[PDB]
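Trainee: Structure below; questions to follow.
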Amino acid sequence: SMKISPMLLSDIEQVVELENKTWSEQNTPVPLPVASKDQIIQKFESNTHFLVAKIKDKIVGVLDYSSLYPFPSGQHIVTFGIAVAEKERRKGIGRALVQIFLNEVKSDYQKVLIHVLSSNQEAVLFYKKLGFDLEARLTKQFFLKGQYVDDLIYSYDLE
Ligand SMILES: CC(C)(COP(=O)(O)OP(=O)(O)OC[C@H]1O[C@@H](n2cnc3c(N)ncnc32)[C@H](O)[C@H]1OP(=O)(O)O)[C@@H](O)C(=O)NCCC(=O)NCCS
């Protein structure tokens with residue numbers, strides 16, 4: 001059975017491995033690899049929070065979130081990343097992560113906002129399905145694999 005829980009310091013090896021199997025030029029414009037033990041600790045030590053999903057105390061999903069801006073005028077906007085293990089997808093894990101996340105931040109923020117590469121077909125469908133709004137589209141933001149990719153900006157009304 002599947003459980004969601006706070007990420008442990010001792011879980012970081014696994015989160016690194018999972019993320020680095022997950023990120024491709026299809027879903028991020030940053031150079032690869034994006035994850036490392038020390039990058040993840042840096043984040044952990046600067047207030048980014050991590051939800052993790054396990055199946056037999058094996059990590060199969062991860063969601064990190066944090067304030068979008070470090071200054072007060074923008075402090076009411078939260079952002080997040082999420083990665084589900086390829087073999088474990090389409091089983092409700094993403095949904096369940098997003099759902100507890102939303103209930104964490106409900107109280108403390110007004111608005112969720114994320115950036116999605118237009119090449120990220122499953123993310124596009126995922127976010128629409130979970131009720132996010134397509135707020136903006138930035139045209140030809142990135143060149144990846146000989147294609148011009150757009151940046152789709154999705155938001156969520158915490159209210
Ligand atoms: C996007 C992602 C997190 C969704 O993970 P998930 O656990 O497989 O999603 P869920 O099982 O919770 O599904 C909720 C839903 O997502 C949709 N969706 C997710 N993947 C889809 C796909 N490959 N094709 C069509 N619809 C899809 C649904 O249609 C939906 O409802 P349903 O499953 O009852 O049909 C997963 O694909 C992911 O890991 N992508 C890898 C890289 C990434 O993270 N992209 C951007 C996030 S920063």
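Letters A, B, ... go to the chains of the structure tokens in the order shown; residues in each chain start at 1; ligands are counted from 1 in the same order.
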How would you report the residues lying within 8 Å of ligand 1, as an MDAnalysis selection string, if you count only C-alpha atoms and all ligand atoms?
Mentor: chainID A and resid 22:24 27:28 61 80:86 88:97 116:117 120:127 129:130
